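Novice: Sequence and experimental coordinates follow.
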Amino acid sequence: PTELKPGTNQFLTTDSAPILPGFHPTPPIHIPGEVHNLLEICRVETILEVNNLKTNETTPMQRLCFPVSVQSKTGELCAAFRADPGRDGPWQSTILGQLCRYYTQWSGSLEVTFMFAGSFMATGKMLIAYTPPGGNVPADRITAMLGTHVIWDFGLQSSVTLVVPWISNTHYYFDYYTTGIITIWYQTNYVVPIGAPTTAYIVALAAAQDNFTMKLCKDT
Amino acid sequence: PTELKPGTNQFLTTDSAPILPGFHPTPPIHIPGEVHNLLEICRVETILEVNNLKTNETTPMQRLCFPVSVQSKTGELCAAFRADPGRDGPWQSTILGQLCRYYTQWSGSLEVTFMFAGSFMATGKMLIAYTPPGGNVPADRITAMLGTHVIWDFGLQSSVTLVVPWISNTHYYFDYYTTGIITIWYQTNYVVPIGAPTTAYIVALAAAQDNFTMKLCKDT
Amino acid sequence: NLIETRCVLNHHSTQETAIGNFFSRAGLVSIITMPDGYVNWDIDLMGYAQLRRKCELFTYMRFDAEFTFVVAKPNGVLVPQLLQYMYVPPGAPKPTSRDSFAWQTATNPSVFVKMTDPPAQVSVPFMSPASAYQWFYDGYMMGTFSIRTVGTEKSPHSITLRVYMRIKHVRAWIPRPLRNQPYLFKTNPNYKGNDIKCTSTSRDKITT
Amino acid sequence: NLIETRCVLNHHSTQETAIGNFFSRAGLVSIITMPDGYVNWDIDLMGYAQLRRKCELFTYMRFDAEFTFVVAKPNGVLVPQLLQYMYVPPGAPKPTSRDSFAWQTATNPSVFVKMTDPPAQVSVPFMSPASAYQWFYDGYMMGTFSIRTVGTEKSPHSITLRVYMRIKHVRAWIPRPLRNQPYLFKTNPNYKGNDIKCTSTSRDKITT
Amino acid sequence: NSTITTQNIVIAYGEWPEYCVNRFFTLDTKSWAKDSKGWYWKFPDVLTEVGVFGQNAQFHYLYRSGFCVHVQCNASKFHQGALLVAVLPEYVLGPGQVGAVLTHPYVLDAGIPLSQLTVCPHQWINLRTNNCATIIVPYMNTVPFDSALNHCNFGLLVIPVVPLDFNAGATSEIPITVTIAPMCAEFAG
């Protein structure tokens, strides 16, 4: 003795009798490299595309690294970009940026790894500065130094990692983004003895940290 | 207070109130020879039909055995066929081949038993060779000997069994069949004293092994 | 055209070659059409050919049945109309007229369903006096179904219905060789003696 | 046009980035219309583009399916009409005529539902002979759905139906880089070599 | 039999080769130039017509084995450049023992971007610091055994992300050497 309630005879896409009851599917075997969560994918270094100039579309292979030359004086800016995996720009070329389009809200900390690809007989000094969110791009090296910075030189070590403390998003066609700006400064001029090439390149890699997490899903 | 879900008022053929509640059916008795699984049927020897020539359709009684004669020199091929219970050919005449049409995929090991039906005063030697799947039919006796072979002679024993290691199928109008080729070679000429018949016959029997098993059903 | 690749290395489950699964699937057994209202059928298994060969592999079988009547107008459409499905046990009088006393007798179960409802379902137990059925008797039935549109009127709607059979609790005995010749009659296993079809195909030479 | 305010300070749950949720939502896969009654479809995932990119992130996948057929006349309205949905396993004969023997074979499951009932729902298990599906084979199917209006007549009603897929018990292996180029064919991963679309957008200068 | 000389290994998906001809096969040295695009090899195709391993693979039906790839680059202290060495299971294009050359390295000739190739087991070769890169690849297939004549399990990729540069007067052809050592090989022909 039951009475049907409202909500019957309706098909909800987000809500069955098997068609072959006598069928026994093939038992699974052990295949290496099982993925249990999408976060284990977002935590691997991928090549950022910083040198995304308008003239590089014909030859996209040059977009994966930006150059450092001997014809640059000390103190001038080398490159600058903001840490926005969701938005367009350099972060569109990473796995984190590609997977950020499938979700609405995300929050966590990122990390950026740089790599020098110059000759062994070459030394110098370079400044990496991270402006906290809400501030302006630093006007000069002495103003960028006062903030958060690391003095990266390639005379001894060829790689350096920088950690972004916190980012967040709330997609709405606009989004509430709280992100900083990463700038690369020429601490000292690129010095090089005779015989070695005068220009080098820098490769930028980025990945998420442990405490990254995403929210309600979408479709790109 | 329940609401019906999608999938109601539908008749699924692979999915009741009794019509005579007061009826008591006749109790069963013990009848010998109960079959609990179809595999107990596939594990009995049945006569292969190897001599399936075009001229034998008028008189099919001669298709159950192939002849061995005294007018054949040593070394020449006698008969050849592949171990394909599912496909057409000699295996269509066995219970295993007939029951293989009701199922899509099967895998396991087979066994082939030969039987001599000549006179008692007759001796010789015959070579049975099994080419592994993926290879070609042997060109000659010395090439067939290097592979898997058994030297069957009918001077002492009148029967011999050969075991196929593994076969498999996946029906799709084509199927992924992995099977070998069985060849019968004349090791020595058929010798016979005076008074006895000069020609004899061989009967070939085949059946499945313990580890045979079939998969998703069809209709022939 | 067979091919060599994609071999299988794992053994499959043996529970699905059991005798129950071999007959578990439900299939059509007859098609009934009504353009006289009685269309009295007769339950049988030697109907469609493909079931008369899979069932004759054995000699003695014992099982139950589970019917399902899907009924509609010839062109798919369904209309509100009452129907009566009558079951006549083995030994009860069979209807001979649309207005006979059999349609009103009480010992013959019946089901009344309109078209719009889901198809009616009825299970029939084992009814043979012996311990099990036999398809081969060397010496010298399951019932009757009658379909009628309820009412003393004449229904102005053509009736076409299909009956489906499911088999439950199957037991088999004494396996027998499979038939390999075309069928001639629904009662006796006769064959055309003028020609005999070889079980296997034919090739050119024994070595090829 | 991004803005700066309304930051988020709390971490969200990680259970909702799992592999099951990423495919849990059910979406349309095909649209079938019938103005010859057979419209035999073929179950696939490389159909609509947005599902062929989210599923190609991995190489080996193993899962089940759960269909739902929403059927109505082209202009919304529903009429009383019987329908038959047929499933052909991988290796069973495919219907070629409206009156072929496949429609009456017994080993192919089918469902009979009228329009007025809630949409039919059928679950399909994992059927590949191997341990899991693969979208990339370097060397040299799931079934078949056939839809037919039941009856020897000709149904005077146009038929349009949509099929929805849900994926249950999803397991993935060996992640692979995401595709970033327009698709050309539904079988092989070809791209237009005349031009190459950069993954990222473009700006004026590296410092701006 | 064959012995090699060498002074950070990466295990693909953290699994060692394990059961369900063991030597160092050294392939030919590819010449790296200022305008080269890349190279790739297919497995186990590259060892189908080579020595005892190829002799066994061309006869036995079933096959299953792991691999141990060793790639080294010989350069002086005045050359600069970078390389990306990574395996890619089930590489479908859009060759033999000598290998092939890529035509559109930015899209890996398969429509997928190169910048996300690092998700697969990869090792960086940087001429400034290190000249070696070793990867251990277990068996990755949906069946325990498969033929070695048609199916190619995975393909190794070597791509010069940073183009080679040097001053005029030095050697312009920097060699690249690939060393291969099968591990836990089985045949069931």
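Specialist: That came through fine. Numbering: from 1, shown residues only, chains lettered A, B, ... in the order given.
Novice: and residue E:13, that's in a helix?
Specialist: Yes - counting by DSSP: H, G, I helix; E, B strand; the rest coil, one finds residue E:13 located in a helix.
Novice: Residues of chain C that sit close to chain A?
Specialist: C:10, C:12, C:13, C:15, C:16, C:21, C:24, C:25 (Cβ under 8 Å from any Cβ of the partner chain). To be clear about C-beta, it is placed using only N, CA and C from the backbone, and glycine gets the same treatment.
Novice: Identify the residue nearest the fourth one in space, chain neighbours excluded?
Specialist: In this case it means residue C:15. In this structure, residue C:15 finds its nearest non-sequential neighbour in residue A:24, 6.9 Å apart by Cβ to Cβ, 6 or more residues apart in numbering or on different chains.
Novice: surely that neighbour meets residue C:16?
Specialist: Yes - counting by Cβ atoms under 8 Å, residue C:16 is a contact partner of residue A:24 at 5.6 Å.
Novice: which residues are common contacts for the two?
Specialist: residue B:215 (Cβ atoms under 8 Å, 6 or more residues apart in numbering or on different chains).
Novice: Give me the more crowded residue out of these two.
Specialist: residue C:16 (22 against 14; other Cβ atoms under 10 Å in any protein chain shown).
Novice: So that one: helix, strand or coil?
Specialist: Residue C:16 ends up helix, using three-state DSSP.
Novice: give the contact list for it.
Specialist: Residue C:16 neighbours (Cβ under 8 Å, 6+ apart): A:22, A:23, A:24, B:214, B:215, B:217.
Novice: Which parts of chain A are strands?
Specialist: A:34-35, A:46-47, A:66-68, A:77-82, A:106-108, A:110-116, A:126-131, A:148-152, A:159-163, A:167-168, A:181-186, A:200-208, A:213-214 (DSSP state E).
Novice: so which of the ones you listed comes closest to chain C?
Specialist: Nearest to chain C, of all the strands of chain A, is strand A:34-35, at 19.6 Å by Cβ to the nearest Cβ.
Novice: partner strands of the closest one, parallel or antiparallel?
Specialist: strand D:159-173 (antiparallel) (DSSP bridges).
Novice: can you state the direction angle for the lengthiest strand in chain E and strand A:200-208?
Specialist: Criterion DSSP E: the longest strand present in chain E is strand E:154-165. Orientation note: strand E:154-165 sits at an angle of 140 degrees relative to strand A:200-208 (axes from the mean of the first three to the mean of the last three Cα atoms, to 10 degrees).
Novice: List the residues that contact the closest residue to residue A:215 other than its chain neighbours.
Specialist: Using Cβ to Cβ, 6+ apart and skipping residues adjacent in sequence, the residue nearest residue A:215 is residue A:105, 3.8 Å away. Residue A:105 sits next to A:168, A:169, A:170, A:171, A:214, A:215, A:216, D:8, D:12 when contact means Cβ under 8 Å, 6+ apart.
Novice: Any chance of JSON lines for the residues you listed, columns neighbour count?
Specialist: Output for the contacts of residue A:105, formatted as JSON lines (neighbours: other Cβ atoms under 10 Å in any protein chain shown):
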{"residue": "A:168", "neighbour count": "18"}
{"residue": "A:169", "neighbour count": "25"}
{"residue": "A:170", "neighbour count": "18"}
{"residue": "A:171", "neighbour count": "18"}
{"residue": "A:214", "neighbour count": "24"}
{"residue": "A:215", "neighbour count": "17"}
{"residue": "A:216", "neighbour count": "10"}
{"residue": "D:8", "neighbour count": "18"}
{"residue": "D:12", "neighbour count": "18"}
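Novice: now those in TSV, with distance to residue E:149?
Specialist: Output for these, formatted as TSV (distance: Cβ to Cβ, whole Å):
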residue	distance to residue E:149
A:168	54
A:169	51
A:170	55
A:171	51
A:214	44
A:215	49
A:216	49
D:8	56
D:12	50
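Novice: Quickly name whichever of those is closest to residue E:60.
Specialist: Among those, residue A:214 lies closest to residue E:60 (Cβ to Cβ), at 48.1 Å.
Novice: That closest one reaches residue A:106, doesn't it?
Specialist: Yes - with contact defined as Cβ under 8 Å, residue A:214 reaches residue A:106; the gap is 4.3 Å.
Novice: anything in contact with each of the two?
Specialist: Joint contacts of residue A:214 and residue A:106 (Cβ under 8 Å, 6+ apart) are A:100, D:12.
Novice: thinking again about what came up before, kindly reformat the strands of chain A as CSV containing distance to residue D:162.
Specialist: Output for the strands of chain A, formatted as CSV (distance: least, Cβ to Cβ, whole Å):
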stretch, distance to residue D:162
strand A:34-35, 31
strand A:46-47, 38
strand A:66-68, 50
strand A:77-82, 43
strand A:106-108, 33
strand A:110-116, 42
strand A:126-131, 51
strand A:148-152, 55
strand A:159-163, 49
strand A:167-168, 39
strand A:181-186, 48
strand A:200-208, 38
strand A:213-214, 30
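Novice: Can you check which of those strands gets nearest to residue B:197?
Specialist: strand A:34-35 (68.8 Å).
Novice: which residues of chain E fall in strands?
Specialist: With DSSP E as the criterion, chain E has strands at E:10-11, E:25-26, E:30-32, E:39-42, E:63-64, E:67-73, E:80-89, E:100-101, E:122-126, E:132-137, E:154-165, E:174-180, E:186-187.
Novice: quick one: is stretch C:113-130 near chain D?
Specialist: Yes - legend: contact between stretch C:113-130 and chain D by Cβ under 8 Å from any Cβ is shown at C:116, C:118, C:119.
Novice: Which members of those are classed as buried?
Specialist: C:118, C:119 (16 or more other Cβ atoms under 10 Å in any protein chain shown).
Novice: Nearest to residue D:182 among the residues of stretch C:113-130 next to chain D?
Specialist: residue C:118 (47.7 Å).
Novice: Spit out the contact partners of residue C:115.
Specialist: Residue C:115 sits in contact with C:71, C:72, C:78, C:79, C:80, C:81, C:83, where contact means Cβ under 8 Å, 6+ apart.
Novice: residues near the last one, how many?
Specialist: By the criterion of other Cβ under 10 Å, residue C:83 has 20 neighbours.
Novice: Chain E against chain A: which residues are in contact?
Specialist: So chain E meets chain A at E:12-15, E:77-82, E:105-106, E:113-116, E:118-119, E:124, E:126-129, E:138, E:140-144, E:161-162, E:165-167, E:169 (Cβ under 8 Å from any Cβ).
Novice: just those residues that are near chain D?
Specialist: Filtering those for neighbours of chain D using Cβ under 8 Å from any Cβ leaves E:13, E:106, E:113, E:115, E:116, E:119, E:140, E:142, E:143.
Novice: Just give the nearest non-adjacent residue to the fourth one, would you?
Specialist: Translated: residue E:115. In space, residue E:115 comes closest to residue A:47 once its chain neighbours are excluded; the distance is 4.1 Å by Cβ to Cβ, 6+ apart.
Novice: now swap in the second one and tell me
Specialist: Taking Cβ to Cβ, 6+ apart as the measure, residue E:106 lies nearest to residue A:60, with 4.7 Å between them; neighbours along the chain are not counted.
Novice: closest to residue B:125 out of the strands of chain A?
Specialist: strand A:34-35 (57.0 Å).
Novice: gap between that closest one and the chain center?
Specialist: 22 Å (Cα atoms, centre = their mean, to the nearest Å).
Novice: quick one: contacts of it?
Specialist: A:41, D:19, D:58, D:171, D:172, D:173, D:175.
Novice: picking up where we left off before, in helices, which of the residues of stretch C:113-130 next to chain D appear?
Specialist: Here DSSP state H is the test, and the residues of stretch C:113-130 next to chain D give no hits in helices at all.
Novice: Cool, thanks, signing off.
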